[PDB]
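K.L.:
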Amino acid sequence: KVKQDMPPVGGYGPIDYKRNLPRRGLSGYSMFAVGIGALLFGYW
Amino acid sequence: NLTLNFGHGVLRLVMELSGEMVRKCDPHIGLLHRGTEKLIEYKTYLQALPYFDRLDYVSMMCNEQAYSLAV
Amino acid sequence: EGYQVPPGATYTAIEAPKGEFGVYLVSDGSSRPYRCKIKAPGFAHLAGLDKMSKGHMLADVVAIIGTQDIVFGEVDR
Amino acid sequence: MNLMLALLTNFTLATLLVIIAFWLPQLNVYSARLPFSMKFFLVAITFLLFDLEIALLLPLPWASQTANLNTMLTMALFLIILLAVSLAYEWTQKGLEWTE
Amino acid sequence: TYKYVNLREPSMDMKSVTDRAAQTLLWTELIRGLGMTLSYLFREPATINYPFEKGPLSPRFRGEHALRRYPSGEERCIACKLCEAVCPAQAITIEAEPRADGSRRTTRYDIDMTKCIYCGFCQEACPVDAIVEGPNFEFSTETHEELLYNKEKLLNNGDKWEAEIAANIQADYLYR
Amino acid sequence: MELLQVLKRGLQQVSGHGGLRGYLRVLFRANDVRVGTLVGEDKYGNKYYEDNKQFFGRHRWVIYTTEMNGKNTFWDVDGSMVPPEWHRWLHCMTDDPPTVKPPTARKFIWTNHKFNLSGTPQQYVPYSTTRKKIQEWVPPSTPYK
Amino acid sequence: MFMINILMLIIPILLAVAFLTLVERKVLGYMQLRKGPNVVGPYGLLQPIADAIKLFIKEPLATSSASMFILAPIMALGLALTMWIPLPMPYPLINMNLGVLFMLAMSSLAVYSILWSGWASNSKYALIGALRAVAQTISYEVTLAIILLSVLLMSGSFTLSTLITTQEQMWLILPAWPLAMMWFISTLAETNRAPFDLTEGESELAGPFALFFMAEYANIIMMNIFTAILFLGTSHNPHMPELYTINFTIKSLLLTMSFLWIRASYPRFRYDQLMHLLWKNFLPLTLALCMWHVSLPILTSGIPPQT
Amino acid sequence: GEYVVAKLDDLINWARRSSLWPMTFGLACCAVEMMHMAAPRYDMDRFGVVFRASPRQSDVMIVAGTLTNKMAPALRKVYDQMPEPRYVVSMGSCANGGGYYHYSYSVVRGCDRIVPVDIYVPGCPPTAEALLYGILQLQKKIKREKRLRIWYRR
Ligand SMILES: CCCCCCCCCCCCCCCCCC(=O)OC[C@H](COP(=O)(O)OCCN)OC(=O)CCCCCCCCCCCCCCCCC
Ligand SMILES: CCCCCCCCCCCCO[C@@H]1O[C@H](CO)[C@@H](O[C@H]2O[C@H](CO)[C@@H](O)[C@H](O)[C@H]2O)[C@H](O)[C@H]1O
Ligand SMILES: CCCCCCCCCCCCO[C@@H]1O[C@H](CO)[C@@H](O[C@H]2O[C@H](CO)[C@@H](O)[C@H](O)[C@H]2O)[C@H](O)[C@H]1O
Ligand SMILES: N=C(N)NC(=N)NCCc1ccc(I)c(Cl)c1
Ligand code: SF4
Ligand code: SF4
Ligand code: SF4
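Here the protein sequences line up with chains A, B, C, D, E, F, G and H, keeping their order. Sequential numbering of the first sequence, starting at 5, is according to the deposited numbering. All the letters of the second sequence, read from the start, carry residue numbers 46 to 52, 59 to 122 under the deposited numbering. Sequential numbering of the third sequence, starting at 354, is according to the deposited numbering. All the letters of the fourth sequence, read from the start, carry residue numbers 1 to 30, 46 to 115 under the deposited numbering. Sequential numbering of the fifth sequence, starting at 1, is according to the deposited numbering. Sequential numbering of the sixth sequence, starting at 1, is according to the deposited numbering. All the letters of the seventh sequence, read from the start, carry residue numbers 1 to 61, 64 to 207, 217 to 318 under the deposited numbering. Sequential numbering of the eighth sequence, starting at 26, is according to the deposited numbering.
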């Protein structure tokens, strides 16, 4: 029987390609609140 | 205007600068000219194929494909 | 000897990674090409470096050469 | 004496390292104006003028110990604001641009 | 079909503007870049311990040339000169005459390894599997002349490497 | 704690190389103190190891012999010291070692592998292998003008 | 006794610089999915020694003025070692009442080695590269001096060991993290470190070389030691001073390692862009924060003691 | 006398071969396999071979690609500015002897017409591993040097 390189019956599984840059961190408000909070404690 | 004689392969750039700004860029190439096109005229069509690997030598098999399609 | 190619001329191009790469290949009927002009996309791109670099600074010339994707194997041939 | 000794040691050692760096066995028997750019001159001059204002601010940690804090705070802020005005003037007169 | 890489409108509400202000002043995206290089610091490196470890190759690898024998010890090459004709670099030079027993054999078989482009056309062209590119790639020299192989050098390569060459041909000849 | 199991894994490599001296010997000869499974040894003394839990490319390695063909190779090892039968395995050209799939024997195959001989009196020197093409006339050996 | 003390500072500084080159190469390597030096001695521990010997037996390859060609490296290395003598670790070699001013004064002299070597290069293009480097260095001197003054308005004096007392309860990075951020970046730009390594950048677009390299890498360590003292004050126990030295060394090592981390992470600034970062961003904020830190102790009644 | 000269030679040889800083002339495709030798798999830096050195700080010139006539003067100029001891590694068929372009009107038939060459690395291109073998061969050549022993016997 002919035997050559072929994909598996049913094909291969899905391959990702789309950009995936997950969102992380806090909002600008929260970040500024943490920074101002640190300064106030430091000043005190 | 200061003249800078020098500023993938090797390139010679001759530039005219006005402070930080580039006013002229004159690329001087041919530092990797190897007369490939003339050499191909002394080769059979198969013997010429490996010359195309060595053109855009980052995209070897695409250069091969272009030549193969043409032939 | 190699295979004989019927006489004629073709311009054949592909979308290579660096742009349009083509050959103008002239056959005289024999087993050796009569003329093979190689159209390298970086050739025209580098010819446009002077135009693209107008009004920019020295360090930007590096970025512009990089954005053009230049290999001198195909530019110089 | 200690600081003089330290300085003499540091630079004396630096001299010696340069010496041997230039002379080791080798084993062989055989005033114009420099393409003057005005922008770099103005950076140096601007640094100088700001450096002189910094000289005036350096006493501030000691000045805060005064009982005349009303006067001292007003003059400290006045000096820094005038420094900011200097920067603002240079900025709006294209003195911080590197084009052209 | 096409897509736009860079055609988006920033949201101009106060929350979004303040988000961009925080990124500008607190360097958030720059810190996010520091996280990537930090995560690579703690990954196993990809380096192999050459020459104790070697990069993987395949039976098709085109390395140093060799001239092969039949099992009896007779040379396979019969001086047909097909390899010399196909060589894109003209790296091969052959002379032949009748041997003392009448066999058609070469008296010269040179490969200029500094002209050769290691393309493998010679071993494709050969009708008797005489000239092959073997698996060896660690044969750099101190002088140019050592890379100008004559027939004795190439026969010695074949005798030196035949054990590996035969096994590699055994693995790939059904693709040829 | 995990850091504990890592530390004992480091200690096992010392005893896995036959004590401190063997451990330091491999550290300085090969800059690698991993312990693998001995796949085999060739007639020159090179030993071949495998560990299939390592990533592809590091799963096979050779500890070169300290002496080959009259050359001291304790420090001066060379990739060309691997004989051809082990060359196929070490480069992953095949899966099975010559101890399991020995090469076919031929009377003309070198019984003694040679490493790179460049820069030595054994180096190859090129020459023309063909005989003289034109025979010159030899004058007679008796006077007769 | 004092000469022994000087040598127990000079010698370790040079050895620390030597092995920072190894640490830099290996840290960069692992962030690049590779190893860096690991053949020349175990884990590359002999690599700095091989490099050092190699450079010093290399051919020492005409100067436009011999006196300045030799002065520039002596100045660089001599000044670099001098910046260490007032550092409290926890006790300074020399206890200066104005140690902070001394470091500011000595660091301002370091730009002469750049200027003199550009003059001695005998090349129009090397002199221009030196002048560009000088303009960068003096530009970032401005914010460094103003940031330092702002911090000292919480400390009360120019004595470096007083920064230890000021941070007995809390690191100064908490009340002054906006200044810490600009201070840290300013040190990178001040030492021509990436992404501010424009001398090595713009340039490519033996013993004397080694000497300049040692001076620069000594300055890198010193600047991060200064940063640790300025913003991450270690607590001093007079009966166990080695406890201070261990904790303070770890902070300085980590700060130095973050210089390497940053080199591995970002592209380079354009020259005009790093000038705008200073004159249009850092300097405005530094000036505003200088006014703020003048007012804050007064308005909170938190003025520190003069002594 | 003999013992000191021999040990000192071993020391300077070890330092020079353990800290080989290359100037790479990336002329053509062979330069790509040189980049792969610097890449993580082979990591030439781990041998003390820094990625890219300045020509005036360099100890070995790697000619990685075709040397054209137009380029030949520039390559010689860089070689002459190198501080000694300096070595040259010729990489690939083009630099070794012209290679595929040996018969071209515009190509130098081997960089050894322009500069002396210490090591010839064959291949078109040599694999990154082949080039690394060549660099290690150069290290062994440096280990064989006896400069001080010969100096002592003058
Ligand atoms: C209640 C009263 C309160 C009163 C006080 C209030 C003050 C606090 C609130 C304000 C916060 C101030 C923050 C100060 C930090 C400096 C901010 C800054 O200058 O960033 C702007 C600068 C340029 O930004 P750019 O996007 O290029 O363009 C803007 C102009 N066109 O962008 C940059 O500077 C980028 C820096 C480039 C360098 C990159 C390498 C560094 C990345 C790693 C940094 C790690 C953090 C350092 C930590 C140091 C620890 C010691
Ligand atoms: C371009 C020119 C710019 C010039 C800028 C000048 C800005 C000056 C702004 C603040 C000046 C005064 O700032 C502050 O005001 C309060 C007003 O109660 C003063 O008063 C406060 O301190 C004094 C002490 O002297 C106390 O007696 C008083 O009970 C207290 O309220 C402060 O002493 C002064 O420090
Ligand atoms: C940090 C302490 C290190 C202590 C090491 C002590 C070792 C002392 C012996 C050093 C021997 C140096 O060996 C020698 O160095 C010089 C450096 O220019 C080299 O170069 C020298 O010789 C070449 C010709 O050969 C000349 O063209 C060149 O001008 C000259 O500089 C030599 O090629 C090398 O043979
Ligand atoms: N930039 C790096 N980290 N690597 C690097 N090649 N540094 C330079 C190497 C060097 C220079 C002087 C000395 I003294 C020493 Cl011991 C080493
Ligand atoms: S591999 Fe190609 S270039 Fe080399 S000898 Fe064979 S046919 Fe000629
Ligand atoms: S090696 Fe093969 S192709 Fe070449 S001459 Fe001999 S038999 Fe013919
Ligand atoms: S030897 Fe081969 S790979 Fe190298 S530059 Fe020449 S053609 Fe390209």
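All residues carry an ideal CB built from backbone N, CA and C; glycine is no exception.
So which residues touch the region around ligand 2, with touch meaning a C-beta under 5 Å from any heavy atom?
P.N.:
Selection output, chain order preserved: D:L84, D:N85, D:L88, D:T89, D:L92, D:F93, D:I96.
K.L.:
Could you spell out where the alpha helix (DSSP H) holding residue 185 of chain E opens and where it closes?
P.N.:
Residue 185 of chain E lies beyond the residue range present for chain E, which begins at 1 and ends at 176; the question has no answer from this structure.
K.L.:
What is the residue span of the alpha helix (DSSP H) that E:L67 lies within?
P.N.:
Per DSSP, E:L67 belongs to no alpha helix (DSSP H); it is in the beta strand (DSSP E), 65-67.
K.L.:
Give, in chain order, every residue of the segment 67-82 of chain H whose Cβ lies closer than 9 Å to some Cβ of chain G.
P.N.:
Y67, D68, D70, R71, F72, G73, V75, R77, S79, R81, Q82
K.L.:
Only counting the same chain, and skipping five residues up and downstream in sequence, which positions put a Cβ closer than 7 Å to that of G:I236?
P.N.:
Shown here for G:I236: same chain residues with a beta carbon closer than 7 Å to its own, the five before and five after excluded, namely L89, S263 in chain order.
K.L.:
Taking the C-alpha atoms as reference points, what is the distance between E:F52 and E:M36?
P.N.:
The straight-line gap from Cα to Cα measures roughly 31 Å.
K.L.:
Run the proximity test for E:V86: is its beta-carbon closer than 7 Å to any non-hydrogen atom belonging to ligand 5?
P.N.:
yes
K.L.:
Following a CB-centred definition, is E:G120 positioned closer than 7 Å to any heavy atom of ligand 5?
P.N.:
yes
K.L.:
So, is the C-beta of C:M405 closer than 8 Å to a C-beta in chain G?
P.N.:
no
K.L.:
Per DSSP, what kind of secondary structure is B:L49 in: helix, strand or coil?
P.N.:
strand
K.L.:
If G:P308 sits next to D:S79, beta carbons under 8 Å apart, how far is it from one beta carbon to the other, in whole angstroms?
P.N.:
6 Å
K.L.:
Within 10 Å of its beta-carbon, does G:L310 have 16 or more other beta-carbons around it, so buried, or fewer, so exposed?
P.N.:
Around the beta carbon of G:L310, a 10 Å sphere encloses fewer than 16 other beta carbons of the protein chains shown; the residue is thus reported as exposed.
K.L.:
Could you name the residues of chain H that E:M113 contacts, counting a contact when the two beta carbons are closer than 7 Å?
P.N.:
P147
K.L.:
Going along chain G, which residues have a C-beta under 7 Å from A:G29?
P.N.:
Result: empty, since nearest Cβ-Cβ is about 17 Å, beyond 7 Å.
K.L.:
Quick check: is the beta carbon of E:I117 nearer than 8 Å to any beta carbon in chain B?
P.N.:
Chain B, which has a Cβ nearer than 8 Å to the Cβ of E:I117, makes this yes.
K.L.:
Within the 8 Å Cβ cut-off, does H:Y112 reach chain F?
P.N.:
no
K.L.:
Within this structure, are the beta carbons of F:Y48 and F:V62 separated by less than 8 Å?
P.N.:
In this structure, the beta-carbon distance from F:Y48 to F:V62 falls below 8 Å.
K.L.:
Between the segment 151-169 of chain G and the segment 88-103 of chain G, are three or more C-beta pairs nearer than 8 Å?
P.N.:
yes
K.L.:
Quick one: does residue 205 of chain E have its CB under 8 Å from some CB of chain A?
P.N.:
A question about residue 205 of chain E goes unanswered here, because the residues of chain E that appear run from 1 up to 176.
K.L.:
If contact is defined by three or more beta carbon pairs under 8 Å, each pair taking one atom from either stretch, is the segment 30-45 of chain A in contact with the segment 165-180 of chain G?
P.N.:
yes
K.L.:
Taking contact to mean at least 3 C-beta pairs separated by less than 8 Å, is the segment 27-47 of chain H in contact with the segment 117-132 of chain H?
P.N.:
no
K.L.:
Are there 16 or more other CB atoms within 10 angstroms of the CB of H:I175, so buried, or fewer, so exposed?
P.N.:
exposed
K.L.:
Do G:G120 and G:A112 have their beta-carbon atoms positioned less than 8 Å apart in this structure?
P.N.:
Cβ distance not < 8 Å, so G:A112 and G:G120 don't count as in contact.
K.L.:
Indicate whether at least one CB of chain D lies closer than 8 Å to the CB of B:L47.
P.N.:
yes
K.L.:
DSSP on H:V85, reduced to helix/strand/coil?
P.N.:
In this structure, H:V85 counts as strand in the three-state DSSP scheme.
K.L.:
According to the Cβ coordinates, are B:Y108 and H:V57 closer than 8 Å?
P.N.:
yes
K.L.:
Take D:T61 and list the residues in its own chain whose beta-carbon comes closer than 8 Å to its own, dropping the five residues that flank it on each side.
P.N.:
Closer than 8 Å at the Cβ level, and outside the excluded window around D:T61, lie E105, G110.
K.L.:
Could you run through the segment 31-44 of chain H and flag, in chain order, every residue whose CB is less than 8 Å away from some CB of chain G?
P.N.:
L36, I37, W39, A40, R41, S43, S44
K.L.:
List, in chain order, every chain C residue whose beta-carbon is nearer than 7 Å to that of B:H59.
P.N.:
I423, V424, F425
K.L.:
Buried or exposed for D:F65, please, with buried defined as at least 16 other CB atoms from any protein chain shown within 10 angstroms of its CB.
P.N.:
Buried, because 16 or more other Cβ atoms sit within 10 Å of the Cβ of D:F65.
K.L.:
In the DSSP assignment, what are the bridge partners of B:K75?
P.N.:
B:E67
K.L.:
So what's F:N72 in DSSP terms, helix, strand or just coil?
P.N.:
DSSP places F:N72 in strand when its eight states are reduced to three.
K.L.:
Which stretch, first to last residue, makes up the alpha helix (DSSP H) that contains residue 341 of chain C?
P.N.:
The question about residue 341 of chain C has no answer, for chain C in this structure spans 354 to 430.
K.L.:
Comparing the C-beta of E:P59 with each C-beta of chain F, is any distance below 8 Å?
P.N.:
yes
K.L.:
Identify whether B:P101 lies in helix, strand or coil by the three-state DSSP scheme.
P.N.:
helix
K.L.:
So which of F:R88, F:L38, F:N31, F:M81 has the shortest CA-CA distance to F:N112?
P.N.:
F:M81
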